[PDB]
Structure formats: structure tokens, C-alpha cells
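Trainee: What follows is the file run_27.pdb, containing PDB, N, CA and C atoms:
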```pdb
ATOM      1  N   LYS A   1     -25.138-110.562   0.021  1.00  0.00           N
ATOM      2  CA  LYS A   1     -23.802-110.907   0.492  1.00  0.00           C
ATOM      3  C   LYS A   1     -22.944-109.662   0.675  1.00  0.00           C
ATOM      4  N   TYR A   2     -22.868-108.843  -0.369  1.00  0.00           N
ATOM      5  CA  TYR A   2     -22.001-107.670  -0.360  1.00  0.00           C
ATOM      6  C   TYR A   2     -22.772-106.419   0.041  1.00  0.00           C
ATOM      7  N   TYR A   3     -24.044-106.365  -0.340  1.00  0.00           N
ATOM      8  CA  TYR A   3     -24.917-105.267   0.057  1.00  0.00           C
ATOM      9  C   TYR A   3     -24.848-105.025   1.560  1.00  0.00           C
ATOM     10  N   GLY A   4     -24.434-103.820   1.941  1.00  0.00           N
ATOM     11  CA  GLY A   4     -24.341-103.453   3.348  1.00  0.00           C
ATOM     12  C   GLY A   4     -22.891-103.423   3.815  1.00  0.00           C
ATOM     13  N   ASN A   5     -22.006-104.007   3.014  1.00  0.00           N
ATOM     14  CA  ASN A   5     -20.586-104.046   3.342  1.00  0.00           C
ATOM     15  C   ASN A   5     -19.796-103.064   2.485  1.00  0.00           C
ATOM     16  N   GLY A   6     -20.339-101.863   2.317  1.00  0.00           N
ATOM     17  CA  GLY A   6     -19.750-100.875   1.420  1.00  0.00           C
ATOM     18  C   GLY A   6     -20.429-100.896   0.057  1.00  0.00           C
ATOM     19  N   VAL A   7     -21.501-101.672  -0.054  1.00  0.00           N
ATOM     20  CA  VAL A   7     -22.243-101.781  -1.304  1.00  0.00           C
ATOM     21  C   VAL A   7     -23.703-101.391  -1.114  1.00  0.00           C
ATOM     22  N   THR A   8     -24.188-100.498  -1.971  1.00  0.00           N
ATOM     23  CA  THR A   8     -25.584-100.078  -1.931  1.00  0.00           C
ATOM     24  C   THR A   8     -26.102 -99.756  -3.327  1.00  0.00           C
ATOM     25  N   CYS A   9     -27.402 -99.942  -3.528  1.00  0.00           N
ATOM     26  CA  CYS A   9     -28.025 -99.665  -4.816  1.00  0.00           C
ATOM     27  C   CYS A   9     -29.105 -98.598  -4.687  1.00  0.00           C
ATOM     28  N   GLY A  10     -29.268 -97.799  -5.737  1.00  0.00           N
ATOM     29  CA  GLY A  10     -30.289 -96.759  -5.756  1.00  0.00           C
ATOM     30  C   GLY A  10     -31.512 -97.201  -6.550  1.00  0.00           C
ATOM     31  N   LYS A  11     -31.910 -96.383  -7.519  1.00  0.00           N
ATOM     32  CA  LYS A  11     -33.086 -96.672  -8.330  1.00  0.00           C
ATOM     33  C   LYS A  11     -32.705 -97.397  -9.614  1.00  0.00           C
ATOM     34  N   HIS A  12     -31.856 -96.762 -10.416  1.00  0.00           N
ATOM     35  CA  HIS A  12     -31.501 -97.291 -11.727  1.00  0.00           C
ATOM     36  C   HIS A  12     -30.085 -97.854 -11.729  1.00  0.00           C
ATOM     37  N   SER A  13     -29.292 -97.451 -10.741  1.00  0.00           N
ATOM     38  CA  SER A  13     -27.873 -97.786 -10.712  1.00  0.00           C
ATOM     39  C   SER A  13     -27.409 -98.094  -9.294  1.00  0.00           C
ATOM     40  N   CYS A  14     -26.309 -98.831  -9.184  1.00  0.00           N
ATOM     41  CA  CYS A  14     -25.712 -99.126  -7.888  1.00  0.00           C
ATOM     42  C   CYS A  14     -24.399 -98.376  -7.703  1.00  0.00           C
ATOM     43  N   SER A  15     -23.943 -98.290  -6.458  1.00  0.00           N
ATOM     44  CA  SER A  15     -22.706 -97.586  -6.143  1.00  0.00           C
ATOM     45  C   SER A  15     -22.044 -98.167  -4.899  1.00  0.00           C
ATOM     46  N   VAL A  16     -20.715 -98.156  -4.883  1.00  0.00           N
ATOM     47  CA  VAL A  16     -19.959 -98.713  -3.769  1.00  0.00           C
ATOM     48  C   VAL A  16     -19.013 -97.678  -3.171  1.00  0.00           C
ATOM     49  N   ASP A  17     -18.591 -97.915  -1.935  1.00  0.00           N
ATOM     50  CA  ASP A  17     -17.659 -97.021  -1.259  1.00  0.00           C
ATOM     51  C   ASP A  17     -16.266 -97.112  -1.872  1.00  0.00           C
ATOM     52  N   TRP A  18     -15.475 -96.061  -1.690  1.00  0.00           N
ATOM     53  CA  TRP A  18     -14.114 -96.026  -2.214  1.00  0.00           C
ATOM     54  C   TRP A  18     -13.257 -97.124  -1.596  1.00  0.00           C
ATOM     55  N   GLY A  19     -12.642 -97.937  -2.447  1.00  0.00           N
ATOM     56  CA  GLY A  19     -11.828 -99.054  -1.987  1.00  0.00           C
ATOM     57  C   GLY A  19     -12.580-100.373  -2.108  1.00  0.00           C
ATOM     58  N   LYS A  20     -13.877-100.284  -2.391  1.00  0.00           N
ATOM     59  CA  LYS A  20     -14.708-101.471  -2.553  1.00  0.00           C
ATOM     60  C   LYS A  20     -14.783-101.895  -4.014  1.00  0.00           C
ATOM     61  N   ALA A  21     -15.006-103.185  -4.240  1.00  0.00           N
ATOM     62  CA  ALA A  21     -15.090-103.724  -5.591  1.00  0.00           C
ATOM     63  C   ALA A  21     -16.385-103.301  -6.273  1.00  0.00           C
ATOM     64  N   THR A  22     -16.332-103.157  -7.593  1.00  0.00           N
ATOM     65  CA  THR A  22     -17.507-102.780  -8.371  1.00  0.00           C
ATOM     66  C   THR A  22     -18.111-103.986  -9.078  1.00  0.00           C
ATOM     67  N   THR A  23     -17.776-105.177  -8.594  1.00  0.00           N
ATOM     68  CA  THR A  23     -18.257-106.413  -9.202  1.00  0.00           C
ATOM     69  C   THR A  23     -19.778-106.484  -9.177  1.00  0.00           C
ATOM     70  N   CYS A  24     -20.366-106.084  -8.054  1.00  0.00           N
ATOM     71  CA  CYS A  24     -21.817-106.069  -7.912  1.00  0.00           C
ATOM     72  C   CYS A  24     -22.456-105.102  -8.901  1.00  0.00           C
ATOM     73  N   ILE A  25     -21.821-103.950  -9.090  1.00  0.00           N
ATOM     74  CA  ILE A  25     -22.300-102.960 -10.048  1.00  0.00           C
ATOM     75  C   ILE A  25     -22.290-103.516 -11.466  1.00  0.00           C
ATOM     76  N   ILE A  26     -21.196-104.177 -11.830  1.00  0.00           N
ATOM     77  CA  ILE A  26     -21.063-104.765 -13.157  1.00  0.00           C
ATOM     78  C   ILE A  26     -22.098-105.860 -13.381  1.00  0.00           C
ATOM     79  N   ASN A  27     -22.226-106.754 -12.406  1.00  0.00           N
ATOM     80  CA  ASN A  27     -23.142-107.884 -12.518  1.00  0.00           C
ATOM     81  C   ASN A  27     -24.589-107.413 -12.600  1.00  0.00           C
ATOM     82  N   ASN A  28     -24.946-106.464 -11.742  1.00  0.00           N
ATOM     83  CA  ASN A  28     -26.300-105.922 -11.719  1.00  0.00           C
ATOM     84  C   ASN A  28     -26.616-105.176 -13.008  1.00  0.00           C
ATOM     85  N   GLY A  29     -25.622-104.471 -13.537  1.00  0.00           N
ATOM     86  CA  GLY A  29     -25.763-103.786 -14.816  1.00  0.00           C
ATOM     87  C   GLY A  29     -26.020-104.775 -15.945  1.00  0.00           C
ATOM     88  N   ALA A  30     -25.225-105.839 -15.986  1.00  0.00           N
ATOM     89  CA  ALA A  30     -25.379-106.872 -17.003  1.00  0.00           C
ATOM     90  C   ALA A  30     -26.751-107.528 -16.919  1.00  0.00           C
ATOM     91  N   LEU A  31     -27.196-107.805 -15.698  1.00  0.00           N
ATOM     92  CA  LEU A  31     -28.511-108.394 -15.476  1.00  0.00           C
ATOM     93  C   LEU A  31     -29.620-107.444 -15.912  1.00  0.00           C
ATOM     94  N   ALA A  32     -29.441-106.161 -15.620  1.00  0.00           N
ATOM     95  CA  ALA A  32     -30.398-105.141 -16.035  1.00  0.00           C
ATOM     96  C   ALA A  32     -30.494-105.062 -17.553  1.00  0.00           C
ATOM     97  N   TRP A  33     -29.349-105.152 -18.219  1.00  0.00           N
ATOM     98  CA  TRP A  33     -29.304-105.101 -19.676  1.00  0.00           C
ATOM     99  C   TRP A  33     -29.933-106.344 -20.290  1.00  0.00           C
ATOM    100  N   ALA A  34     -29.674-107.495 -19.680  1.00  0.00           N
ATOM    101  CA  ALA A  34     -30.172-108.765 -20.195  1.00  0.00           C
ATOM    102  C   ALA A  34     -31.683-108.870 -20.038  1.00  0.00           C
ATOM    103  N   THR A  35     -32.184-108.440 -18.884  1.00  0.00           N
ATOM    104  CA  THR A  35     -33.594-108.603 -18.553  1.00  0.00           C
ATOM    105  C   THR A  35     -34.390-107.352 -18.899  1.00  0.00           C
ATOM    106  N   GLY A  36     -33.688-106.234 -19.054  1.00  0.00           N
ATOM    107  CA  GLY A  36     -34.335-104.952 -19.306  1.00  0.00           C
ATOM    108  C   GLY A  36     -34.844-104.328 -18.013  1.00  0.00           C
ATOM    109  N   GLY A  37     -34.159-104.619 -16.912  1.00  0.00           N
ATOM    110  CA  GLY A  37     -34.596-104.167 -15.596  1.00  0.00           C
ATOM    111  C   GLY A  37     -33.737-103.013 -15.098  1.00  0.00           C
ATOM    112  N   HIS A  38     -33.628-102.889 -13.779  1.00  0.00           N
ATOM    113  CA  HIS A  38     -32.859-101.810 -13.171  1.00  0.00           C
ATOM    114  C   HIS A  38     -31.967-102.332 -12.052  1.00  0.00           C
ATOM    115  N   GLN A  39     -30.825-101.682 -11.860  1.00  0.00           N
ATOM    116  CA  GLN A  39     -29.830-102.147 -10.901  1.00  0.00           C
ATOM    117  C   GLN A  39     -30.341-102.017  -9.471  1.00  0.00           C
ATOM    118  N   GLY A  40     -31.306-101.126  -9.272  1.00  0.00           N
ATOM    119  CA  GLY A  40     -31.921-100.941  -7.962  1.00  0.00           C
ATOM    120  C   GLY A  40     -32.803-102.129  -7.596  1.00  0.00           C
ATOM    121  N   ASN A  41     -33.198-102.899  -8.604  1.00  0.00           N
ATOM    122  CA  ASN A  41     -34.042-104.068  -8.390  1.00  0.00           C
ATOM    123  C   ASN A  41     -33.203-105.323  -8.188  1.00  0.00           C
ATOM    124  N   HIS A  42     -32.002-105.323  -8.755  1.00  0.00           N
ATOM    125  CA  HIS A  42     -31.091-106.454  -8.620  1.00  0.00           C
ATOM    126  C   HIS A  42     -30.342-106.403  -7.295  1.00  0.00           C
ATOM    127  N   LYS A  43     -29.948-107.570  -6.798  1.00  0.00           N
ATOM    128  CA  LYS A  43     -29.290-107.668  -5.501  1.00  0.00           C
ATOM    129  C   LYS A  43     -27.909-108.296  -5.629  1.00  0.00           C
ATOM    130  N   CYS A  44     -27.050-108.033  -4.650  1.00  0.00           N
ATOM    131  CA  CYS A  44     -25.698-108.578  -4.648  1.00  0.00           C
ATOM    132  C   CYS A  44     -25.089-108.532  -3.252  1.00  0.00           C
TER
END
```
As C-alpha cells, how would this structure be written, given the file I've shared?
Mentor:
Amino acid sequence: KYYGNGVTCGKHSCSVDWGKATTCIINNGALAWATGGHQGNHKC
């Protein structure tokens, strides 16, 4: 949904453009922590 609209993910972490929300980063981080995965594997 947000990926591609100022939102992109790398290997272990995600990053957004200036002025964009970090909600995807937070959610992907939480999912990574819960599952023991990586933000680059999670989508948003």
C-alpha cells in the first residue's frame, strides 16, 4: 500500500522519505521483533 509512495525497505531495516510517515517502519519493526525476522522481509 505505502511501499513505493515514499516508502522503501532494505535488508534489516526500512526507511521513508522526508515528510513521510514512519508507521510502516514501526509496524515492520514490531513484526520483526515478534517473529524474529527482518524489516526487509516485511511489507507495508
Trainee: Give the answer as one residue: which of A:37, A:6, A:1, A:32 has the shortest atom-to-atom distance to residue 18 of chain A, using all atoms listed in the file?
Mentor: A:6
Trainee: Quick one: residues within 7 Å of residue 9 of chain A, only N, CA and C atoms counted, chain neighbours fewer than 5 positions away excluded, as a short mmCIF file (atom, residue, chain, number, x, y, z; two decimals) with N, CA and C atoms, in the coordinates of the input?
Mentor:
```
data_model
loop_
_atom_site.label_atom_id
_atom_site.label_comp_id
_atom_site.auth_asym_id
_atom_site.auth_seq_id
_atom_site.Cartn_x
_atom_site.Cartn_y
_atom_site.Cartn_z
N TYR A 3 -24.04 -106.36 -0.34
CA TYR A 3 -24.92 -105.27 0.06
C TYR A 3 -24.85 -105.02 1.56
N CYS A 14 -26.31 -98.83 -9.18
CA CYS A 14 -25.71 -99.13 -7.89
C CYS A 14 -24.40 -98.38 -7.70
N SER A 15 -23.94 -98.29 -6.46
CA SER A 15 -22.71 -97.59 -6.14
C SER A 15 -22.04 -98.17 -4.90
N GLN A 39 -30.82 -101.68 -11.86
CA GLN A 39 -29.83 -102.15 -10.90
C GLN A 39 -30.34 -102.02 -9.47
N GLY A 40 -31.31 -101.13 -9.27
CA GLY A 40 -31.92 -100.94 -7.96
C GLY A 40 -32.80 -102.13 -7.60
#
```
Trainee: Need the axis-aligned box for segment 15-24 of chain A with 5 Å each side, so what are the centre and edges in Å to one decimal, as lines of an AutoDock Vina configuration file?
Mentor:
```
center_x = -17.9
center_y = -101.3
center_z = -5.2
size_x = 22.1
size_y = 20.5
size_z = 17.9
```
Trainee: Could you write out as a PyMOL selection string the residues that the PyMOL selection byres ((chain A and resi 44) around 8) matches in the shown file?
Mentor: chain A and resi 1-4+7+23-25+28+41-43
Trainee: Restricting it to N, CA and C atoms, dump the selection as a PDB file, in the frame of the given file.
Mentor:
```
ATOM      1  N   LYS A   1     -25.138-110.562   0.021  1.00  0.00           N
ATOM      2  CA  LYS A   1     -23.802-110.907   0.492  1.00  0.00           C
ATOM      3  C   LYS A   1     -22.944-109.662   0.675  1.00  0.00           C
ATOM      4  N   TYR A   2     -22.868-108.843  -0.369  1.00  0.00           N
ATOM      5  CA  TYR A   2     -22.001-107.670  -0.360  1.00  0.00           C
ATOM      6  C   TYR A   2     -22.772-106.419   0.041  1.00  0.00           C
ATOM      7  N   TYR A   3     -24.044-106.365  -0.340  1.00  0.00           N
ATOM      8  CA  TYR A   3     -24.917-105.267   0.057  1.00  0.00           C
ATOM      9  C   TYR A   3     -24.848-105.025   1.560  1.00  0.00           C
ATOM     10  N   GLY A   4     -24.434-103.820   1.941  1.00  0.00           N
ATOM     11  CA  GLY A   4     -24.341-103.453   3.348  1.00  0.00           C
ATOM     12  C   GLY A   4     -22.891-103.423   3.815  1.00  0.00           C
ATOM     13  N   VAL A   7     -21.501-101.672  -0.054  1.00  0.00           N
ATOM     14  CA  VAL A   7     -22.243-101.781  -1.304  1.00  0.00           C
ATOM     15  C   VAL A   7     -23.703-101.391  -1.114  1.00  0.00           C
ATOM     16  N   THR A  23     -17.776-105.177  -8.594  1.00  0.00           N
ATOM     17  CA  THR A  23     -18.257-106.413  -9.202  1.00  0.00           C
ATOM     18  C   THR A  23     -19.778-106.484  -9.177  1.00  0.00           C
ATOM     19  N   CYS A  24     -20.366-106.084  -8.054  1.00  0.00           N
ATOM     20  CA  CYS A  24     -21.817-106.069  -7.912  1.00  0.00           C
ATOM     21  C   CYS A  24     -22.456-105.102  -8.901  1.00  0.00           C
ATOM     22  N   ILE A  25     -21.821-103.950  -9.090  1.00  0.00           N
ATOM     23  CA  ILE A  25     -22.300-102.960 -10.048  1.00  0.00           C
ATOM     24  C   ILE A  25     -22.290-103.516 -11.466  1.00  0.00           C
ATOM     25  N   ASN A  28     -24.946-106.464 -11.742  1.00  0.00           N
ATOM     26  CA  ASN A  28     -26.300-105.922 -11.719  1.00  0.00           C
ATOM     27  C   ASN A  28     -26.616-105.176 -13.008  1.00  0.00           C
ATOM     28  N   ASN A  41     -33.198-102.899  -8.604  1.00  0.00           N
ATOM     29  CA  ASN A  41     -34.042-104.068  -8.390  1.00  0.00           C
ATOM     30  C   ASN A  41     -33.203-105.323  -8.188  1.00  0.00           C
ATOM     31  N   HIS A  42     -32.002-105.323  -8.755  1.00  0.00           N
ATOM     32  CA  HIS A  42     -31.091-106.454  -8.620  1.00  0.00           C
ATOM     33  C   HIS A  42     -30.342-106.403  -7.295  1.00  0.00           C
ATOM     34  N   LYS A  43     -29.948-107.570  -6.798  1.00  0.00           N
ATOM     35  CA  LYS A  43     -29.290-107.668  -5.501  1.00  0.00           C
ATOM     36  C   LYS A  43     -27.909-108.296  -5.629  1.00  0.00           C
TER      37      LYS A  43
END
```
Trainee: Write out as a VMD selection string all residues of chain A that DSSP puts in strand (DSSP E or B) for this structure's backbone.
Mentor: chain A and resid 3 7 to 9 14 to 16
Trainee: Please indicate the distance in Å from atom N of residue 13 of chain A to atom C of residue 38 of chain A, rounded to one decimal place.
Mentor: 5.7 Å
Trainee: State, in Å with one decimal place, the distance from atom C of residue 31 of chain A to atom C of residue 17 of chain A.
Mentor: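 Taking atom C of residue 31 of chain A and atom C of residue 17 of chain A, their separation equals 22.0 Å.
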Trainee: Could you jot down the atom N of residue 30 of chain A to atom C of residue 12 of chain A separation for me, Å, one decimal place?
Mentor: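 Answer for the atom N of residue 30 of chain A to atom C of residue 12 of chain A separation: 10.3 Å.
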Trainee: Can you fill out segment 20-36 of chain A with N, CA, C and O atoms and hand it back as a PDB file, keeping the file's coordinate frame?
Mentor:
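See rebuild-v5.pdb below for the written result:
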```
ATOM      1  N   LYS A  20     -13.877-100.284  -2.391  1.00  0.00           N
ATOM      2  CA  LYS A  20     -14.708-101.471  -2.553  1.00  0.00           C
ATOM      3  C   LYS A  20     -14.783-101.895  -4.014  1.00  0.00           C
ATOM      4  O   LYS A  20     -14.640-101.071  -4.918  1.00  0.00           O
ATOM      5  N   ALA A  21     -15.006-103.185  -4.240  1.00  0.00           N
ATOM      6  CA  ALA A  21     -15.090-103.724  -5.591  1.00  0.00           C
ATOM      7  C   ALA A  21     -16.385-103.301  -6.273  1.00  0.00           C
ATOM      8  O   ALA A  21     -17.409-103.108  -5.618  1.00  0.00           O
ATOM      9  N   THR A  22     -16.332-103.157  -7.593  1.00  0.00           N
ATOM     10  CA  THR A  22     -17.507-102.780  -8.371  1.00  0.00           C
ATOM     11  C   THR A  22     -18.111-103.986  -9.078  1.00  0.00           C
ATOM     12  O   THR A  22     -18.864-103.840 -10.041  1.00  0.00           O
ATOM     13  N   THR A  23     -17.776-105.177  -8.594  1.00  0.00           N
ATOM     14  CA  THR A  23     -18.257-106.413  -9.202  1.00  0.00           C
ATOM     15  C   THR A  23     -19.778-106.484  -9.177  1.00  0.00           C
ATOM     16  O   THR A  23     -20.407-106.892 -10.154  1.00  0.00           O
ATOM     17  N   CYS A  24     -20.366-106.084  -8.054  1.00  0.00           N
ATOM     18  CA  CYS A  24     -21.817-106.069  -7.912  1.00  0.00           C
ATOM     19  C   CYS A  24     -22.456-105.102  -8.901  1.00  0.00           C
ATOM     20  O   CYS A  24     -23.503-105.394  -9.480  1.00  0.00           O
ATOM     21  N   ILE A  25     -21.821-103.950  -9.090  1.00  0.00           N
ATOM     22  CA  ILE A  25     -22.300-102.960 -10.048  1.00  0.00           C
ATOM     23  C   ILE A  25     -22.290-103.516 -11.466  1.00  0.00           C
ATOM     24  O   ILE A  25     -23.253-103.351 -12.214  1.00  0.00           O
ATOM     25  N   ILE A  26     -21.196-104.177 -11.830  1.00  0.00           N
ATOM     26  CA  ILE A  26     -21.063-104.765 -13.157  1.00  0.00           C
ATOM     27  C   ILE A  26     -22.098-105.860 -13.381  1.00  0.00           C
ATOM     28  O   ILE A  26     -22.765-105.894 -14.414  1.00  0.00           O
ATOM     29  N   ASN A  27     -22.226-106.754 -12.406  1.00  0.00           N
ATOM     30  CA  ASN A  27     -23.142-107.884 -12.518  1.00  0.00           C
ATOM     31  C   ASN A  27     -24.589-107.413 -12.600  1.00  0.00           C
ATOM     32  O   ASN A  27     -25.364-107.899 -13.424  1.00  0.00           O
ATOM     33  N   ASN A  28     -24.946-106.464 -11.742  1.00  0.00           N
ATOM     34  CA  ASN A  28     -26.300-105.922 -11.719  1.00  0.00           C
ATOM     35  C   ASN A  28     -26.616-105.176 -13.008  1.00  0.00           C
ATOM     36  O   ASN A  28     -27.737-105.236 -13.513  1.00  0.00           O
ATOM     37  N   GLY A  29     -25.622-104.471 -13.537  1.00  0.00           N
ATOM     38  CA  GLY A  29     -25.763-103.786 -14.816  1.00  0.00           C
ATOM     39  C   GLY A  29     -26.020-104.775 -15.945  1.00  0.00           C
ATOM     40  O   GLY A  29     -26.919-104.579 -16.763  1.00  0.00           O
ATOM     41  N   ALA A  30     -25.225-105.839 -15.986  1.00  0.00           N
ATOM     42  CA  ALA A  30     -25.379-106.872 -17.003  1.00  0.00           C
ATOM     43  C   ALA A  30     -26.751-107.528 -16.919  1.00  0.00           C
ATOM     44  O   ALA A  30     -27.393-107.779 -17.938  1.00  0.00           O
ATOM     45  N   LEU A  31     -27.196-107.805 -15.698  1.00  0.00           N
ATOM     46  CA  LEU A  31     -28.511-108.394 -15.476  1.00  0.00           C
ATOM     47  C   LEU A  31     -29.620-107.444 -15.912  1.00  0.00           C
ATOM     48  O   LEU A  31     -30.615-107.867 -16.501  1.00  0.00           O
ATOM     49  N   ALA A  32     -29.441-106.161 -15.620  1.00  0.00           N
ATOM     50  CA  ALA A  32     -30.398-105.141 -16.035  1.00  0.00           C
ATOM     51  C   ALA A  32     -30.494-105.062 -17.553  1.00  0.00           C
ATOM     52  O   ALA A  32     -31.584-104.924 -18.109  1.00  0.00           O
ATOM     53  N   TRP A  33     -29.349-105.152 -18.219  1.00  0.00           N
ATOM     54  CA  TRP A  33     -29.304-105.101 -19.676  1.00  0.00           C
ATOM     55  C   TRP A  33     -29.933-106.344 -20.290  1.00  0.00           C
ATOM     56  O   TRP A  33     -30.638-106.263 -21.296  1.00  0.00           O
ATOM     57  N   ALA A  34     -29.674-107.495 -19.680  1.00  0.00           N
ATOM     58  CA  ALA A  34     -30.172-108.765 -20.195  1.00  0.00           C
ATOM     59  C   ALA A  34     -31.683-108.870 -20.038  1.00  0.00           C
ATOM     60  O   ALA A  34     -32.381-109.331 -20.941  1.00  0.00           O
ATOM     61  N   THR A  35     -32.184-108.440 -18.884  1.00  0.00           N
ATOM     62  CA  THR A  35     -33.594-108.603 -18.553  1.00  0.00           C
ATOM     63  C   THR A  35     -34.390-107.352 -18.899  1.00  0.00           C
ATOM     64  O   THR A  35     -35.613-107.398 -19.025  1.00  0.00           O
ATOM     65  N   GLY A  36     -33.688-106.234 -19.054  1.00  0.00           N
ATOM     66  CA  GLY A  36     -34.335-104.952 -19.306  1.00  0.00           C
ATOM     67  C   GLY A  36     -34.844-104.328 -18.013  1.00  0.00           C
ATOM     68  O   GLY A  36     -35.835-103.599 -18.013  1.00  0.00           O
TER      69      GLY A  36
END
```
